[PDB]
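Working notes for the structure below.
All heavy atoms count here, side chains included; hydrogens, waters and symmetry mates do not. A note on names: the letters A, B, ... follow the listed sequences, proteins ahead of strands, and every chain is numbered from 1.
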Amino acid sequence: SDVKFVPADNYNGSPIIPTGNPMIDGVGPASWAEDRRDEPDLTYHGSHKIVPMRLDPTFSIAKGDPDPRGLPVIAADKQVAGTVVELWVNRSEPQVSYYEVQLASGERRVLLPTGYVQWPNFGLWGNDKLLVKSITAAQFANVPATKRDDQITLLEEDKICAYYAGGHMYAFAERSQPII
Amino acid sequence: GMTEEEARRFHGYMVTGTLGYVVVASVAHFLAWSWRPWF
Amino acid sequence: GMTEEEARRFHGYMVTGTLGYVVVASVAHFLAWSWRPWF
Amino acid sequence: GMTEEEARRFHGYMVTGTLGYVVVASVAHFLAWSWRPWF
Amino acid sequence: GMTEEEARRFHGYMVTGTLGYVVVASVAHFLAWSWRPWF
Amino acid sequence: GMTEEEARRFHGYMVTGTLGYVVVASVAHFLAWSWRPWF
Amino acid sequence: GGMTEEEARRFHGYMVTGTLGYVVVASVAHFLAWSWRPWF
Amino acid sequence: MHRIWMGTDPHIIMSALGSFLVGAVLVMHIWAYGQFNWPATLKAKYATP
Amino acid sequence: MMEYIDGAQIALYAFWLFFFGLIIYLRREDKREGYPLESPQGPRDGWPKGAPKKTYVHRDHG
Amino acid sequence: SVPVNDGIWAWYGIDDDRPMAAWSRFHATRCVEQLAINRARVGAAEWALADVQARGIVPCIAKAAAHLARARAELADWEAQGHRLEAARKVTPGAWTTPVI
Amino acid sequence: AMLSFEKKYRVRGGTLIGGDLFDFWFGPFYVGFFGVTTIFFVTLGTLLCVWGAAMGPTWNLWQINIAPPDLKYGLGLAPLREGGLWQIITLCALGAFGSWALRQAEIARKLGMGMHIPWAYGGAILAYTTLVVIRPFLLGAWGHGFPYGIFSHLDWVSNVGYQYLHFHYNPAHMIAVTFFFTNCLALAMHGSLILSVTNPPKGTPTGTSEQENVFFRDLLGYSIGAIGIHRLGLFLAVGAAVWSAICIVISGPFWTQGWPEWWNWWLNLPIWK
Amino acid sequence: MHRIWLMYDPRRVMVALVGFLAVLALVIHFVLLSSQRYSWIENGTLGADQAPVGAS
Amino acid sequence: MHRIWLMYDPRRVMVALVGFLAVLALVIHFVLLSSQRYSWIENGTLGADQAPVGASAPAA
Amino acid sequence: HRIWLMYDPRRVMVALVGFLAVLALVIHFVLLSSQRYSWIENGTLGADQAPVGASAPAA
Amino acid sequence: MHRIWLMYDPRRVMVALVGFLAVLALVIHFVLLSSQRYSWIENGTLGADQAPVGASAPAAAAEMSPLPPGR
Amino acid sequence: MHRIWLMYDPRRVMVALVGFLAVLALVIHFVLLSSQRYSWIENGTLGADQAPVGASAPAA
Amino acid sequence: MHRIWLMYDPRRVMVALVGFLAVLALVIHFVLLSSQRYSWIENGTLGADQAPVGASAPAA
Ligand SMILES: CCCCCCCCCCCCCC(=O)OC[C@H](COP(=O)(O)OCC(O)COP(=O)(O)OC[C@@H](COC(=O)CCCCCCCCCCCCC)OC(=O)CCCCCCCCCCCCC)OC(=O)CCCCCCCCCCCCC
Ligand code: BCL
Ligand code: BCL
Ligand SMILES: CC[C@H]1c2cc3[nH]c4c(c3C)C(=O)[C@H](C(=O)OC)c4c3nc(cc4[nH]c(cc(n2)[C@@H]1C)c(C(C)=O)c4C)[C@@H](C)[C@@H]3CCC(=O)OC/C=C(\C)CCC[C@H](C)CCC[C@H](C)CCCC(C)C
Ligand SMILES: COC(C)(C)C/C=C/C(C)=C/C=C/C(C=O)=C/C=C/C(C)=C/C=C/C=C(C)/C=C/C=C(\C)CC/C=C(C)/C=C/C=C(\C)C(=O)O
Ligand SMILES: COC(C)(C)C/C=C/C(C)=C/C=C/C(C=O)=C/C=C/C(C)=C/C=C/C=C(C)/C=C/C=C(\C)CC/C=C(C)/C=C/C=C(\C)C(=O)O
Ligand SMILES: COC(C)(C)C/C=C/C(C)=C/C=C/C(C=O)=C/C=C/C(C)=C/C=C/C=C(C)/C=C/C=C(\C)CC/C=C(C)/C=C/C=C(\C)C(=O)O
Ligand SMILES: COC(C)(C)C/C=C/C(C)=C/C=C/C(C=O)=C/C=C/C(C)=C/C=C/C=C(C)/C=C/C=C(\C)CC/C=C(C)/C=C/C=C(\C)C(=O)O
Ligand SMILES: COC(C)(C)C/C=C/C(C)=C/C=C/C(C=O)=C/C=C/C(C)=C/C=C/C=C(C)/C=C/C=C(\C)CC/C=C(C)/C=C/C=C(\C)C(=O)O
Ligand SMILES: CCCCCCCCCCCCO[C@@H]1O[C@H](CO)[C@@H](O[C@H]2O[C@H](CO)[C@@H](O)[C@H](O)[C@H]2O)[C@H](O)[C@H]1O
Ligand SMILES: CCCCCCCCCCCCO[C@@H]1O[C@H](CO)[C@@H](O[C@H]2O[C@H](CO)[C@@H](O)[C@H](O)[C@H]2O)[C@H](O)[C@H]1O
């Protein structure tokens, strides 16, 4: 028994049903491109494209924007998941690709993609906590780990991003059901 | 998934509600017919 | 969800709400009828 | 966080405020009617 | 957050500001009425 | 940092400048009315 | 940075003198304009 | 009979009763001013020729 | 001396033949990923048959 | 420009980060929030310096040290606000029972 | 049939209405409750269009013309052969387009995608609803809608424009046109750039985001960047439809004169009156 | 006969059914409301012999 | 009867109900205001025998 | 009274006020656009002088 | 009802209040300035009996029509 | 009263006020300038009896 | 009064002030130049009695 899903019935257009925890097995909106190349993305000059900002001294926060480091992360159940302790930057097109969150409920640091963070009041004011609608504060403990802490492979990028994407369906049982 | 006795219980309500609606609609047509017949 | 007793008490307000609403509407229709009848 | 005390107290303000508004509006209609009746 | 002490203090400035505004507005209306009544 | 003494001092200037501006605008309206009254 | 209270008063004296001198020129301009073609 | 007031708020009761009376009394007056031709006869008495 | 046939009509059918050629080409390009399709009756290609999956030469070092 | 934390509301004069020596509940709330954030921000900055010293990458060590110093300077700025509000809290009658700092 | 990677994505859940009841596929298509309502309205509307062609003068595709009622019918349903059919088809159209957008929302929720596509389509639905619902309602008769016919609706567009003598002078229309033209330019540049780095001349290595960024920056002087160009393309394409809705709703309900004489306010600014 | 509710969850049918009947009732009323013979808001008081007949 | 509120969330049904009734009430008032016979803001003071009536069938 | 458990007063109060503000503004502008109640221009007319819409023609 | 000051930041309530009053004031002024009767900048010195009043009923001549003949 | 300058930044409110008065004053001048009664650049030398007045009520 | 320059950067104020006076001066001159009475480049040599005046009340 290692197949991640089964057909809901035998008819031709029927959905599949996951056999385990779909966020972890990677089924439905939690699935990732499992064949994706397990190497880092590279710049035009061949250096690692995505690296913690701590390891490239040319990068800095833009003067008008909030510094996310030290801010608390608020998860989907409104509990504090942790605090941001590092930024990861894309060096080909200068931007923040990930926050790295020190978990409050353990010893791990996990990556948090920027596309899953909302700022209070759409960032028009406040700018003093991060909102993560996708997953609960408990589910942060299972965010996929990178093999190293100074680089990330294209496969690890897919696994981490897919994990948060799955939470919009799987974080609470009610999220899968219709509104009416 | 719903059990067969739950389905049987609902079916009794669903038949009765439908037929009650159809009965009320038939009286509405009787009033409309008396006021201004369409045939 | 909700308990069957909590459903029971809610229904009584929803019924009397609907009844009070129908009552005002019925008076409003009789006033309208007395001012300018439509049949 | 609501409580049954907070709810019951707030209900009094909403009820009394609503009714007081409807009283002031009823006078406004009395004045409007006396100036230019719409029936 | 807000204390009742500030909430009660503040309401006193609201009332005096409001009354001053309504007093000025009602003088302004009665001036306008004397110049050119709208009923 | 800002003391309540400085808030009190600034309030003195802000009120005086506001009232002095309204006084100058009063004299302007006195002159304008003398030249060409609008009522 | 900032500005010192002595620098503020030193600036203010020129600022007032500039403003006064400018108002004087504008006053003479308006009186020349008025005696050429009054607007009231 | 008094138990009918148990579980009520007396300030709601007086609010509802008071508002009902204000509504009813106004309606009754504007109706009655219509039927009884008063103050219309009052105005016509003191009106100017 | 052809009354019905005129140059604007001739041009328009010239375009239609090019355009339907172009749609075919684009639908061949659209199948370089995800094809052939899985089916309970075995692989399926749709129509037109897709162009083969490309392999991309990476920048040698930088 | 708008300040980061009051943002759009700074156009209307709400500006709770400004240095305040009188007691004011709004500034106290802001200072408690910003102290916790800046203490965590210092804690992060010195973890970052320790990591880069372990790797030994000199220009990164230099920048991480500069960042830590800057983070300490910002924390000191908020601790100054906390103390001057603490002094006012003790004497202004309506003020909080809990300390600001 | 399924794409080679598709099967693991075909889970239950993400519906707005109906739950598991319609949560299945038919060939490539996702069905769902709004799929069922889509097919209903599409079928009813299309067959009523064929009925409109049958009782009209020709089966010639270009010439079929299902026209709205006379203005005298106001906001009522007209006799079906006198424009009431156009009204029933319009209700089917509104139902079909709304069902399509909600079905897109169900699909996006099932894939863990953002709601950008349903809302972008809402821009087009807004323009259609302006043309057949809002503007005719503000004018007080459904007969102000455009007719359903491949060329007869172009006759309507022509005549509505000349109701304002010189419709090019409509200021919202100038903005809408500028968005449409700017969108098409931006689409040609974005397509060209991605293709030119992914399909370089034979024997050249595959390009990079840096080369794309450098070239673009020589075109406009500034870097738009990867997410920026997709924000721009969405802003331009949807803004074009929104300004189109504005330009037609102000023509008639709010401005009734020729559009050239609207520009009189510019000539009379006090600095140069 | 009750087994259709083992195929179709009744709570998800009944919401669909109500929508269909609400739209159908609105459509029929508006079709009548703007007919000549049944425009009751304006000619409802006529009586059956005076009501229009669509002869031509 | 009350098990309907065990099938459905009462909060949702109340918002659905009030929305339908508000739109329905607005539609009916607009239909009346838009008619001839019931355009009450302009003609509400007319007596029941002077309010408009739509035309009868012809005599033949 | 328990309806206030299901809805936050901080939302409800604004929603109710927003509804009333819109409804009041709608009714005023509908009346102002009428002929009978165009009170800015004609409010000084007596109730017998004020406009009335057309009647049934009887012919 | 002074508990309303517990529900919101009072600084923001004053900003909202000032906005609402300012906008409503400008709405009522420009409505009046657009009317005939209260176009006070042009006609403010007219006496109350001289100020315009909206007509109770326009006349007509039976051959005249304000709108062209329609279809 | 003066504690309002704790609740709001003086430096900031003054800019908002001064900007508002500039805008208000300019609007009122331009509204007057485009009237007939107060087109003072053309007609400012007319006496008050001689200046334009909007059309009156008298009519057939 | 010089404390105002502690509250505001005087170099920001001088820039805002000078720009305001420049625009205001130009606006007034172009308004006057577009007028009839003060079209001074064409008619500046006319005496004060010869210069245009805007239309009066009819007073017929
Ligand atoms: C105006 C200028 C700009 C106008 C701009 C217009 C742009 C239009 C672009 C899109 C048109 C193509 C759409 C498409 O590819 O759908 C997939 C489908 C199937 O192939 P597949 O997807 O690769 O494989 C799946 C299939 O093999 C097995 O799937 P499954 O078993 O799960 O499902 C059952 C089958 C049954 O097959 C069908 O039902 C196909 C019926 C297609 C009819 C519509 C053709 C429209 C051509 C328009 C171009 C032109 C035709 C003249 O598969 C399906 O169920 C697939 C359903 C696809 C539904 C697509 C509906 C598209 C309707 C577009 C209407 C456009 C009207 C303008 O493809 C086809 O069946 C063949 C299409 C071939 C490309 C068109 C080229 C025409 C060139 C001229 C004629 C050439 C003759 C040799
Ligand atoms: C907390 C107090 C209670 C209350 C307690 C009383 C009492 C006690 C009396 C009334 C009376 C009246 N109330 Mg009250 N009333 C309340 C709320 C209301 C509301 C409302 C919108 O909520 C309305 C419309 C009314 C309406 C009315 C009238 C029917 C009546 C005459 C006064 C008046 O017009 O007051 C309009 C309402 C207000 C201005 C606000 C309510 C409070 C004020 C102070 C008025 C009522 C007290 C009155 C002055 C007492 C006089 C002495 C007694 C005769 C012994 N009440 C609140 C909830 N009401 C009197 C009555 O029955 O006369 C026949 C009376 O004796
Ligand atoms: C300096 C502290 C006080 C002050 C102290 C006094 C005193 C003291 C007197 C007045 C007087 C007057 N003040 Mg005061 N006054 C102040 C601010 C104001 C403001 C304002 C916008 O803030 C205004 C409109 C006024 C207006 C007025 C007049 C109504 C009145 C008559 C004199 C006059 O014409 O002064 C013209 C000036 C102005 C309109 C503006 C400038 C204000 C000047 C700087 C204040 C001093 C004026 C005083 C008359 C000087 C000579 C008297 C000395 C005691 C010898 N003052 C400040 C805040 N004012 C007098 C009065 O009431 O007589 C019956 C009077 O005795
Ligand atoms: C808002 C910016 C632009 C925009 C965007 C846009 N359009 C979109 C989308 C987006 C983002 C989609 O997601 C959606 C889609 O799925 O595309 C594949 C769509 C789409 N844009 C479409 C077309 C379209 N968009 C247009 C315009 C625009 N679309 C805007 C300019 C036009 C124009 C200007 O003419 C057309 C024709 C469709 C291909 C598709 C929506 C498909 C859909 O709704 O499907 C369900 C309905 C049917 C298949 C048929 C309904 C039939 C009716 C019941 C009967 C016919 C009535 C009709 C009114 C008759 C008209 C006759 C004409 C000759 C006048
Ligand atoms: C212009 O002219 C044109 C339009 C063109 C002319 C043509 C028109 C056409 C073609 C019309 C077609 C019409 C049609 C065709 O079929 C119409 C079909 C109508 C139908 C089927 C109506 C059915 C109504 C059913 C109702 C109302 C049921 C109510 C049920 C209730 C209330 C109870 C529910 C159960 C509960 C509450 C359980 C409680 C206990 C529980 C839970 C427990 O105990 O556990
Ligand atoms: C132009 O002519 C056209 C238009 C074309 C012609 C066509 C017309 C047509 C087709 C009309 C259709 C009409 C229709 C249906 O079809 C109409 C259906 C109407 C209905 C059903 C109305 C129901 C109203 C109910 C109301 C107002 C309830 C009020 C009160 C409530 C809720 C309770 C409040 C208290 C609460 C909540 C707290 C409880 C305790 C709690 C929570 C606790 O204690 O826990
Ligand atoms: C003309 O043509 C067309 C338009 C077509 C014709 C048709 C028109 C139609 C369809 C009209 C429909 C009308 C309608 C339908 O519902 C109208 C419904 C109106 C309603 C519901 C009015 C209700 C108003 C309620 C008010 C004002 C409440 C005030 C409360 C106050 C003041 C107290 C606040 C409480 C606080 C502060 C709490 C303190 C304690 C706290 C915080 C604590 O204790 O914690
Ligand atoms: C013509 O056609 C159409 C337009 C259609 C017709 C229809 C129009 C309609 C529908 C109109 C509706 C109008 C309306 C409805 O509600 C209008 C409602 C108006 C209202 C509510 C006005 C309220 C004004 C209140 C004011 C000004 C208060 C000011 C308070 C001040 C200044 C004090 C500030 C605090 C200080 C100084 C110190 C604090 C100290 C502290 C903290 C400390 O010391 O600690
Ligand atoms: C066409 O007609 C339409 C338009 C249609 C008709 C309608 C029109 C309408 C609706 C109009 C509304 C008008 C309105 C409504 O509110 C108008 C309200 C106007 C107001 C409030 C004006 C207030 C002016 C206040 C001023 C000028 C203050 C100046 C202060 C000064 C100078 C001192 C500053 C402090 C200093 C110097 C100390 C620093 C010390 C320091 C640093 C230290 O000590 O350290
Ligand atoms: C058109 C723009 C505005 C034109 C008006 C200009 C102002 C005209 C009147 C000015 C009169 C003097 O105004 C007066 O100045 C003194 C300082 O000198 C201010 O005094 C203020 O600061 C002092 C400390 O320096 C505090 O102790 C005092 O409580 C406070 O009010 C007063 O608040 C103000 O009332
Ligand atoms: C006692 C007076 C003390 C000083 C008062 C200062 C008053 C300053 C101007 C007040 C009016 C400004 O105008 C008012 O601005 C608020 C600011 O939120 C707007 O408020 C709204 O829009 C803003 C953005 O613009 C949103 O962020 C906000 O959530 C929303 O409520 C109002 O829609 C507008 O009417």
Side-chain angles (χ1 to χ4, degrees), chain A residues 47-48 51-74 80-89 91 96 98-104 107-112 118-131 146 148-151, chain J residues 1-17 26-27 29-79:
Chain A
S47 56
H48 300 145
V51 295
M53 189 163 74
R54 175 179 93 248
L55 268 52
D56 193 315
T58 65
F59 281 77
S60 60
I61 314 299
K63 293 197 303 182
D65 289 341
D67 187 340
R69 292 169 290 193
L71 299 189
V73 178
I74 311 307
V80 180
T83 62
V84 179
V85 298
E86 174 68 86
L87 308 195
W88 290 56
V89 294
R91 299 199 289 186
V96 184
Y98 302 88
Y99 304 117
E100 179 173 345
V101 181
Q102 177 76 247
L103 299 189
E107 68 174 282
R108 291 188 67 203
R109 300 188 306 286
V110 309
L111 301 186
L112 166 59
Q118 178 66 287
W119 292 86
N121 320 294
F122 303 104
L124 296 171
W125 74 94
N127 299 319
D128 56 347
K129 59 188 179 180
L130 301 190
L131 311 177
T146 56
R148 290 187 59 87
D149 77 341
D150 59 345
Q151 67 188 61
Chain J
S1 62
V2 295
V4 171
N5 299 109
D6 292 317
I8 195 168
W9 295 96
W11 298 127
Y12 309 114
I14 294 169
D15 192 347
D16 299 340
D17 306 306
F26 306 103
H27 297 265
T29 305
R30 182 58 137 277
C31 190
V32 167
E33 295 163 350
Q34 291 296 320
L35 280 169
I37 287 163
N38 282 286
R39 284 175 177 150
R41 191 174 291 148
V42 167
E46 63 192 8
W47 173 86
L49 179 58
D51 180 80
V52 180
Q53 283 181 349
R55 297 176 211 256
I57 302 160
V58 175
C60 300
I61 299 171
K63 187 159 204 175
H67 176 61
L68 175 56
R70 189 176 298 110
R72 290 194 191 291
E74 179 66 11
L75 175 60
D77 185 2
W78 284 103
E79 287 194 323

**Request:** Select, from J:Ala45, J:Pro59, J:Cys60, the one with the greatest count of heavy-atom pairs under 4.5 Å involving chain A.
**Result:** J:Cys60
**Message:** Working to the nearest 0.5 angstrom, can you tell me the gap between A:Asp56 CG and J:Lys63 NZ?
**Reply:** 8.0 Å
**Request:** Can you measure from CD1 (J:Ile37) to CG (A:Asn127) and round to the nearest 0.5 angstrom?
**Result:** 10.0 Å
**Heavy-atom pairs under 4.5 Å with chain J, option from A:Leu124, A:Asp150, A:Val85, A:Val84 with the top count** = A:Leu124
**Fill in**
Rounded to the nearest 0.5 Å, the CE atom of A:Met53 sits from the NE2 atom of J:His67 at a distance of 7.0 Å
**Prompt:** With only heavy atoms counted, which part of J:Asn38 is less than 4.5 Å from chain A, the side chain, the backbone, both or neither?
**Reply:** neither
**Top of J:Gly43, J:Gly7, J:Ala36, J:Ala66 for chain A proximity - count of heavy-atom pairs under 4.5 angstrom** = J:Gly7
**Message:** Taking the side chain as everything from C-beta on, heavy atoms only, tell me whether J:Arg55 gets closer than 4.5 Å to A:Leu55.
**Reply:** yes
**Message:** Restricting to non-hydrogen atoms, name the atom on A:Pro66 and the atom on J:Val4 that form the minimum distance, rounded to 0.1 Å.
**Reply:** CB-CG1, 3.6 Å
**Prompt:** Is the side chain of J:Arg41 donor-acceptor paired with the backbone N or O of A:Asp67 at a distance under 3.5 Å, no angle test?
**Reply:** yes
**Asked** From A:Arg54 CZ over to J:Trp47 CH2, what is the distance, rounded to the nearest 0.5 angstrom?
**Response** 4.0 Å
**Request:** Check each atom of J:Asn5 against the heavy atoms of chain A and say whether the ones under 4.5 Å are side chain, backbone, both or neither.
**Result:** both
**Request:** Side chain from CB out, backbone as N, CA, C, O: work out which of these in A:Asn121 comes under 4.5 Å of a heavy atom of chain J, or both, or neither.
**Result:** neither
**Message:** Does any backbone or side-chain atom of J:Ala64 lie under 4.5 Å from a heavy atom of chain A? Answer side chain, backbone, both or neither.
**Reply:** neither
**Request:** Run the salt-bridge test on J:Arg30 and A:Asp128 with the 4.0 Å N-O cut-off and return the result as yes or no.
**Result:** no
